[PDB]
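Q: once you've seen the sequence and the experimental structure below, I've got questions.
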Amino acid sequence: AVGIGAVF
Amino acid sequence: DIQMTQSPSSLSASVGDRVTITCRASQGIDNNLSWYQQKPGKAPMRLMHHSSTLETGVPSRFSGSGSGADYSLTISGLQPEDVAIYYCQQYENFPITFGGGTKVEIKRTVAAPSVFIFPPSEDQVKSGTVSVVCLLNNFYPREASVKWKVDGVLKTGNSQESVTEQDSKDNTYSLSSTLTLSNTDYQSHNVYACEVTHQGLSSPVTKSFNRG
C-alpha cells in the first residue's frame, strides 16, 4: 500500500 | 492506473433510511480503500480507511465492507446533515485515484416557498442594465416554476435561475430568478410580477410591484 497505508 | 467507478451517481432518501454506495476498482486493491464525505462548501473529510475502519468521531451509522475490487459504504439511518458528495479512494498504488462521487440528498415533506420580488435600485437604472430578482425561499422539493410578467405579458427569454445546495439542517432549497433588461426597456413598462407554481402551493403565488 501507499499514502496513508505506506509502511516503513 | 487504477480506475474507480462509483454507483449510483446520485440518490435521494428519507431521514432514517439505509443507503448503500458501491465502488468498483479496475483491479484488486486489497482493502486499501478510504471513504470521504464532502459537505457543501467544505473540504472533504475522511469517514474511514482500510475500507471499514472508522476515523475518530465518525458516527457509527457509517460502515464499510467489501474485498478485492468491490466495496460498499452503508449509511444506516441517514441524517439531515448527511447531505454531501461521497468519494471512494484507493491507495493500493500510485497515483492515488478517487471515485467520481455520489451525491446524497434528503427526501423530506413538501414545503412551500416564500416568494419575494426585488425591484432594481436606481443605481442599477443609472448603470445601463437592470435586474429584477424573484426569490423562492426554503422550499422542497427542488422542482418549481417561475414565470415573469411585464404588464401582463410573459417575458421568459431574458431570465436566469440559480439554486442553492440542499440545506444541511432543514433540507430545503432556495432559488433566484433574475430578469435582465435594458433601462429603456425597463422604464417603458409599468408593473413587474413573478408567478410561482410549486407542489406546496394550493394556488400559484404572484408577487408584483409598480415602477415609479
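A: Thanks, I have the structure now. Numbers count the residues shown, from 1 in each chain, chains lettered A, B, ... in the order given.

Q: around chain B, pick out the residues from chain A.
A: A:1, A:2, A:3, A:4, A:5 (CB under 8 Å from any CB of the partner chain). Yep, even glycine has a C-beta here, placed from its N, CA and C like the rest.

Q: list buried residues within those.
A: By neighbour count, with 16 or more other CB atoms under 10 Å in any protein chain shown, the residues of chain A next to chain B hold A:3, A:5 as buried.

Q: distance to residue B:155 for the residues of chain A next to chain B - can I get that in a markdown table?
A: Output for these, formatted as a markdown table (distance: CB to CB, whole Å):
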| residue | distance to residue B:155 |
| --- | --- |
| A:1 | 60 |
| A:2 | 58 |
| A:3 | 55 |
| A:4 | 55 |
| A:5 | 58 |
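
Q: would CSV of the residues of chain A next to chain B with secondary structure be doable?
A: Written out in CSV, the entries for those read as follows (DSSP: H, G, I helix; E, B strand; the rest coil):
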residue, secondary structure
A:1, coil
A:2, coil
A:3, helix
A:4, helix
A:5, helix
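
Q: out of the residues of chain A next to chain B, who's nearest residue B:55?
A: Minimum distance to residue B:55 across these is 10.8 Å, recorded for residue A:4 (CB to CB).

Q: touching, the closest one and residue B:36? I think so.
A: No. Under the contact definition of CB atoms under 8 Å, residue A:4 does not touch residue B:36, with a separation of 11.8 Å.

Q: roughly how far apart are residue B:118 and residue B:178?
A: If you measure residue B:118 against residue B:178 using CB to CB, to the nearest Å, the figure is 9 Å.

Q: so residue B:162 bridges to which residues?
A: On the basis of DSSP bridges, residue B:162 is bridged to residue B:176.

Q: where along chain B do the helices fall?
A: B:122-127, B:183-187 (DSSP state H).

Q: mean neighbour count, these: which tops it?
A: Between those, the one whose residues have the most neighbours on average, counting mean count of other CB atoms under 10 Å in any protein chain shown, is helix B:183-187 (a mean of 15).

Q: now do it: everything it contacts.
A: With CB atoms under 8 Å, 6 or more residues apart in numbering or on different chains as the contact definition, helix B:183-187 has outside contacts at B:120, B:125, B:127, B:128, B:129, B:130, B:132, B:211.

Q: what's the farthest-apart pair in those?
A: Largest separation among the contacts of helix B:183-187 by CB to CB: B:128 and B:211, giving 16.9 Å.

Q: break chain B into its domains for me.
A: According to the domain assignment given by curated CATH domains, chain B is divided into the following structural domains: B:4-107, B:114-210.

Q: tell me which of those domains is the most buried.
A: domain B:4-107 (a mean of 17).

Q: how far does that one sit from its chain's centre?
A: Its chain's C-alpha centre lies 18 Å from the corresponding centre of domain B:4-107 when counted by CA atoms, centre = their mean, to the nearest Å.
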